[PDB]
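Summary of structural features
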Amino acid sequence: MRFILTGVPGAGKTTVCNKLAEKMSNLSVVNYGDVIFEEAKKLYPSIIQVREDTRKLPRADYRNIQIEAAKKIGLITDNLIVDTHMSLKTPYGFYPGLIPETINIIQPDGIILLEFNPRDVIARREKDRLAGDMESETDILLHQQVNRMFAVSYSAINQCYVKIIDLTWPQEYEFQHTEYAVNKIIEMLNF
Amino acid sequence: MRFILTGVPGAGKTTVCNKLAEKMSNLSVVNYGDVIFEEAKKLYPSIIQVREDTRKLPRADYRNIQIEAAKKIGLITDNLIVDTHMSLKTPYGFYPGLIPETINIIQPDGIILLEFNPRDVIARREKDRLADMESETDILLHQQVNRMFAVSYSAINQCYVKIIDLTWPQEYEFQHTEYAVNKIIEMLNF
Amino acid sequence: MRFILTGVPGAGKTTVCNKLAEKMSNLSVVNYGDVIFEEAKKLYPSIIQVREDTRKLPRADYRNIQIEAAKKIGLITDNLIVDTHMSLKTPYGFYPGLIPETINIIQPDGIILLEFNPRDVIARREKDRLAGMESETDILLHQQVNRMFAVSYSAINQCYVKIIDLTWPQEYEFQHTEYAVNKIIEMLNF
Ligand SMILES: [Cl-]
Ligand SMILES: [Cl-]
């Protein structure tokens, strides 16, 4: 099965993706931004050295590279988990990480939204910052509801599932959010 | 005029449909799930005996059946009211009840959402059971999701979105149903 | 750059536009409705005299005029700010202000939503009425729907969505308008 996994940045989605790769066999865990970076270096070796360079390209070339990455993802395997972002916040507002072509190509069975509590997100982002912009509770609640609207739109267009995993409850022990999300996702795949 | 009527399950949408079919003339009402069941028995008698059997079909066959059902619905009359669901909850998440083909075929003038209070929905669902047990948060989510789905379908197909508020407390039983029927009629005979 | 500016009616969206047109160089601010009205009197003088007369035209004629106006707007300038409405309320429900052709023609970089507090909007509308009546909940709904419409357009046409918050209390009159103008300018000169 194929699921696009998303959440607000730095909340622990990458932790879940890396931890999913160990526990599931014949499951592909892949980060969309990374494939975009690789194909951008391949097609524009001259310009692209750091992964921030994808910002600078012309939007037509960047969209072409997004399509190429969607193709590379499209044939990988049977079980896929695509780690990307419904939307990223910029000075000009929110911008979608996916283009319609990406979904048409990957043909995902579903979209998964990891919804955390804003306090946990702030504390986790500061924890990771200390280990190596500071948004407010309201900024993050917004970001999450907007991710929700984006996924529902993508579902209405491509007829795929919308699965909202709740991780807003208080942690009884550190890393319980990650474990619960991993277990729900696994439970979901092997149904 | 043509309106797709939706709400969360077991909330009283079917009652409103029955009462509209009674009070309204020159308007024919239909249940999408029932037509899907009929065409599934028609095209696949081997498998389809109960209306839950549609689950077992390959998704390609089920989509073909939805297409055929939409064709008959679109032809059925001039004024329509189609009882369907914006989205249904499954172990894999929410899934839209409509596919784009259904809307392109029926070309509804609008979509109508009956939005209830979760407490009313819980009490009504248990009342009907006596004649899964979701929580207030589950139901608020489901309805907000119905909202997003309807607005998306509107942006794509350039159609109306009418949200009927029934979250206020009932002064007498069956006032929600009455108010909804009256608003829908008022809207139709404009 | 091209931004479609939206908000609920009579909340001060037009004031933000007028003050921006005053403050920004090489910036043209234009109202979609006004171009629609002008081309409607030009092309259909018989029916169109007051700007409400746009109501009476056939929806085909109204759409053709919308296309002609969107053509004119995209043609009209370099730096643009288009004053419109994500959605308008009608007896049949909410209906979107933009058509797909409008966006394809204008190719806006983004959408901007001025989101107010319902009390501020109501009080501002009564202020404007007295100078020459929805409920708080009606307006919260209208705005959540505006939001959903903008997000849908965003997914379909890959444009920005900027939500400017004006629901805090005004410490002095015209602070909402001033803050919005400043945020938008800061955004433009990035
Ligand atoms: Cl019902
Ligand atoms: Cl205004």
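Residues numbered from 1 in each chain as written, not as in the entry; some residues may be left out. Chains lettered and ligands numbered in written order. Heavy atoms only, no water.

Chain C appears in the PDB entry as Adenylate kinase from Candidatus Odinarchaeum yellowstonii.

In the nomenclature of the PDB entry, chain B is known as Adenylate kinase of Candidatus Odinarchaeum yellowstonii.

**Observations regarding the overall build of chain C**
Counting its secondary structure elements, chain C contains seven helices and seven strands. Starting at the N terminus and ending at the C terminus, chain C contains elements arranged as β-α-β-α-α-β-β-β-α-β-α-α-β-α. In terms of overall size, chain C behaves like a compact globule, its C-alpha atoms giving a radius of gyration of 16 Å where 190 residues would be expected to give roughly 16 Å. In terms of overall dimensions, chain C has a C-alpha envelope of 50 × 40 × 30 Å along the principal axes. Working note: accessible area of chain C is about 9,400 Å², and carbon and sulfur atoms make up 52% of it. Of the charged side chains in chain C, 22 are positive and 24 negative; the average position of the first set lies 3 Å away from that of the second. (Helix = DSSP H or I, 4+ residues; strand = E, 2+ residues; numbered from the N terminus. Rg over C-alpha atoms; globule rule 2.2 N^0.38 Å. Areas by Shrake-Rupley, 256 points an atom, 1.4 Å probe, with all protein chains shown as cover. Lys, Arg positive; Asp, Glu negative; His and termini not counted. Charge placed at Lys NZ, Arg CZ, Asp CG, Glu CD.)

**Some details on the interface of chain A and chain B**
Facing 18 residues of chain A, the contacting portion of chain B comprises 18 residues. Across the chain A/chain B interface, buried area totals approximately 1,700 Å², and carbon plus sulfur atoms make up 68% of it. If you look at where chain A meets chain B, you find zero salt bridges. In this structure, the connection of chain A to chain B is made through seven residue pairs in polar contact. Elements supplying a minimum of two residues to the side of chain A that touches chain B: α6 (137-158) and β7 (161-167) of chain A. (Contact = heavy atoms within 4.5 Å. Buried area = accessible area lost by both parts, 1.4 Å probe. Salt bridge = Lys/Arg side-chain N within 4 Å of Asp/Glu carboxyl O. Polar contact = N/O pair within 3.5 Å; in protein donor to acceptor, adjacent residues only side chain to side chain.)

**Describing empty space enclosed by the protein**
Residue and element names in this part refer to chain A. Computed from the structure, the largest cavity encloses a volume of approximately 40 Å³. Lining the largest cavity we find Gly-7, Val-8, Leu-113, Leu-114, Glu-115, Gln-144 and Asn-147. Residue assignment for the lining of the largest cavity shows that the elements contributing at least two residues are β6 (110-116) and α6. Tallying contributions element by element places β6 first for the lining of the largest cavity, with three residues. (1 Å grid on protein atoms, 1.4 Å probe; cavity = no way out; pocket = protein on both sides within 12 Å on 5 of 7 lines; lining within 4 Å. Points joined across faces, edges and corners; volume = space filled by probe spheres on them.)

**Some remarks on the packing of aromatic side chains**
Scanning all chains against the criterion turns up 14 aromatic pairs over all chains. When the centroid spacing of 5.5 Å and the interplanar angle of 85° are considered together, the rings of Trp169(A) and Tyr180(A) count as edge-to-face. Remark: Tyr180(A) occurs in helix α7 (residues 176-189) and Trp169(A) occurs in the loop between β7 and α7; sequence separation between them is eleven residues. Looking at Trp169(A), the relative accessible area reads 25%, which means it is partly exposed. Where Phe191(A) meets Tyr92(B), the ring centres are 5.9 Å apart and the plane angle is 80°; that geometry is what we call edge-to-face. Residue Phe191(A) is found in the segment after α7, and its partner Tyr92(B) is found in the loop between β4 (87-90) and β5 (93-96); the two belong to separate chains. Through successive ring pairs, a cluster of aromatic residues spans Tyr92(A), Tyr95(A), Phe3(C), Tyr160(C) and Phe190(C). Note that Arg59(B) overlies the ring of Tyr62(B), its terminal NZ or CZ placed 4.9 Å from the centroid. The ring of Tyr62(C) has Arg59(C) lying over it, and the distance from NZ or CZ to the ring centre is 4.6 Å. (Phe/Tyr/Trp six-rings, centres within 6.5 Å; stacked < 30°, edge-to-face > 60°. Buried < 20%, exposed > 50% of the residue type's maximum accessible area, 1.4 Å probe, protein only. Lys NZ or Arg CZ within 6 Å of the ring centre and 35° of its normal.)

**Things to note about the pattern of salt bridges**
Going through the model one piece at a time under the given rule, you end up with 37 salt bridges over all chains. One salt bridge in this structure joins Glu101(B) and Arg63(B), with 3.0 Å as the shortest N-O distance. One end of the pair, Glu101(B), is in helix α4 (residues 100-106); the other, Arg63(B), is in helix α3 (residues 59-76), with 38 residues separating them in the sequence. Accessibility expressed as a relative area gives 23% for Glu101(B), which makes it partly exposed. Across the pair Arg51(C) and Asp34(C) runs a salt bridge, and its minimum N-O distance is 3.1 Å. Taken as a pair, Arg51(C) in the loop between α2 (32-43) and α3 (59-76) and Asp34(C) in helix α2 lie far apart in primary sequence, 17 residues in all. For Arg51(C), a relative accessible area of 39% gives the class partly exposed. Residue class for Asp34(C) comes out partly exposed when judged on its relative accessible area of 40%. Three or more residues are tied together by salt bridges with common partners; here these are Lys89(B), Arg125(B), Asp132(B) and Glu134(B).

**A word on unusual backbone geometry**
Residues and elements named next belong to chain C. Even without being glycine, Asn-26 reaches a positive phi, approximately 35°. With respect to the element layout, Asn-26 can be found in the loop between α1 (13-23) and β2 (28-31). Look at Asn-26 and you get exposed, because its relative accessible area is 54%. Backbone geometry at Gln-158 places phi at a positive 50°, although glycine is not the residue there. Turning to its location among the elements, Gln-158 is positioned in the loop between α6 (136-157) and β7 (160-166).

**A word on the environment of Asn157(B)**
Residue and element names in this part refer to chain B. Within the secondary structure, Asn-157 sits in helix α6 (residues 136-157). Sequence-wise, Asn-157 and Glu-136 are 21 residues apart; in three dimensions their C-alpha atoms are separated by 32 Å. Once you skip the residues sitting within four places of it in the chain, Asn-157 turns out to touch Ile-103 and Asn-104.

**Some remarks on the interface of chain C and chain B**
With 18 residues of chain C at the contact, the number on the chain B side is 18 residues. Looking at the side of chain C facing chain B, the largest losses of area belong to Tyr92(C), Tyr95(C) and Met148(C), adding up to 39% of the total buried there. Connecting chain C to chain B are zero salt bridges. In this assembly, chain C and chain B are joined by four residue pairs in polar contact. Going through the elements one at a time, β5 (93-96) and α6 of chain C are the ones with two or more residues in the side of chain C that touches chain B. A total of eight residues in the side of chain C that touches chain B trace back to one element, the largest contributor, which is α6(C). Split by residue class, the side of chain C that touches chain B holds 14 nonpolar, four polar and no charged. (Nonpolar A, V, L, I, M, F, W, Y, C, P; charged D, E, K, R; others polar.)

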